[PDB]
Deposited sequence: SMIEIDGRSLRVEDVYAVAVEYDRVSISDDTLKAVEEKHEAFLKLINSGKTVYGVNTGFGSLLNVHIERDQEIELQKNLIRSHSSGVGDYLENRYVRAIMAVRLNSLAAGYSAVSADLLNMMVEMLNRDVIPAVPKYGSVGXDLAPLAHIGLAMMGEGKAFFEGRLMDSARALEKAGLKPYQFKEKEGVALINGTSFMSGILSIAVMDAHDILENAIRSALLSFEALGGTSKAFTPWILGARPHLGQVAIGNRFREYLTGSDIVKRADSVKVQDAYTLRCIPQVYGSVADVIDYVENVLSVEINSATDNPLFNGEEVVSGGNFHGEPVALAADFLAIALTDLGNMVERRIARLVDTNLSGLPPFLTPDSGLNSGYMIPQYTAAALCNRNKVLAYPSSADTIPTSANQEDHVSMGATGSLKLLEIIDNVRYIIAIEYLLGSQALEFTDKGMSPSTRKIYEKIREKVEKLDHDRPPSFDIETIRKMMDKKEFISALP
């Protein structure tokens, strides 16, 4: 489909649509004409200010934009994946169209065409203290220097632009400044991350259904009036989701007739998962403002140019560290439920979910892998925004460090996705030891798993099944299986 950019209407899910699903972007002629008219008012104002040799003056200003793009292109490390650079470019484009950046219509159209033709700059992941260097690398590619991916093939930027039918872009007065000042690296990455955090929670709900039924949990933990006696919006909503999906379970109807309560990895699912949902909503609210905001500097309002601090990443740096914590602890709870599934003394199922403990270990070791992933996430959950280091000869003497936070959030998301893939695998196997009177919803998840991953009889490498299920998650196959 088509995402129209007007500088004020971008949603986080539209950033995803462009970056991950490759929807086209466009900008109306009306928007572009108003952008251009503001760009011209800005030129008139600076041309009057300087005269209170015109040719040497303009050529100097153009050289400045180039020197800035080049000197600031100082990232190191592996290139950021293309889905993230596309997200950053969509957010950057939208925020330059918000009306305060005084850039020209041509700069916006340049970014539109790079996105629609998939000329994606090569952006080293590291260098922003929260985003001059990564955005400079984007501009460097826009100028036809450095490297870029053309339809996923790395090459010199000038060759990628040429294969796409584009000309290198020449930055005008203050357009390099505009492009590289702001929070679009952090906010673009975090837009994708918050969408992937939502997808994590959705998958954790579905994978918990399998474990919850295999362990014969009671629905009493999701009683509406209990959940409403402590009405955080997340836990009320999560309780509703679980009640709906457990409807029709014979296993759970039996449990309700003979069980009072379960261990916390079942009974506390609404409190914990609903906290995670609340944090996701918090971050999405921050981003919803941020990706429609002017975060470059200085800014132009049509009659004056004023320097402020809107490039400072603090609100999104804090949000990235917060969501990292919440997701790490979601992963801890899923790992603990996996640890209960394979422990015959807690589950009431055969040890380690194998039919012959004699010469098989079953799924003993994926639980270690899940614990390993939690331990890695506990390192990564240290808040990068609790630190700051002065830059620019102490003139930029407090910084958010939110780029660190955005990048490590991406790894936590990757790791928690593997933990949940492990719960899909082991919860499906655990149900093989039940009478399978699971709800229709649980059975949709179970059947989708079994389309690609067989039940476990003799030992075989769990790694391959985990990777298959992780690929299914990344293709949204369980959300499709059970809306």
Deposited sequence positions missing from the model - stretches, numbered from 1, in order: 53-63, 142
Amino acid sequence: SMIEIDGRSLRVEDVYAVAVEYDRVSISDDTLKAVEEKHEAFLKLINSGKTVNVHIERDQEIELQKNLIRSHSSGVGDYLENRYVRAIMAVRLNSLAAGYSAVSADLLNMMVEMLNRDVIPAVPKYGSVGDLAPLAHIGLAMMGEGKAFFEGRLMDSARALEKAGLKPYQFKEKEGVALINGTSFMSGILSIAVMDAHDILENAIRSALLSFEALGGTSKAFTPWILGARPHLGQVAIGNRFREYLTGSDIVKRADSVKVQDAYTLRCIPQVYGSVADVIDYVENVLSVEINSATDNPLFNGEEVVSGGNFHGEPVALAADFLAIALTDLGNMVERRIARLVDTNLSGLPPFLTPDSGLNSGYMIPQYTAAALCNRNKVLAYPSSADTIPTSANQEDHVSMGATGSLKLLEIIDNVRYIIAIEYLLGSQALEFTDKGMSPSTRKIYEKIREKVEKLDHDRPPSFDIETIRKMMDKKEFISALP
From here on, numbers count along this sequence of modelled residues.
144-152 versus 384-392 - greater average Cα B-factor per the deposited record: 144-152
Entry-level comparison of average CA B-factors, 173-181 and 316-324, reporting the higher stretch: 173-181
Deposited CA B-factor, highest of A430, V416, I422, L43: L43
Residue, from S187, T265, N301, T404, that the PDB entry assigns the highest Cα B-factor: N301
Record-listed C-alpha B factor of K259: chain third: highest
Ranked C-alpha temperature factor of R83 among modelled chain residues, by third: middle
Lowest, middle or highest third - CA B-factor, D474: lowest
Relative C-alpha B-factor of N203, binned into the chain's lowest, middle or highest third: lowest
Where the record places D250 (Cα B-factor, split into thirds across the chain): highest
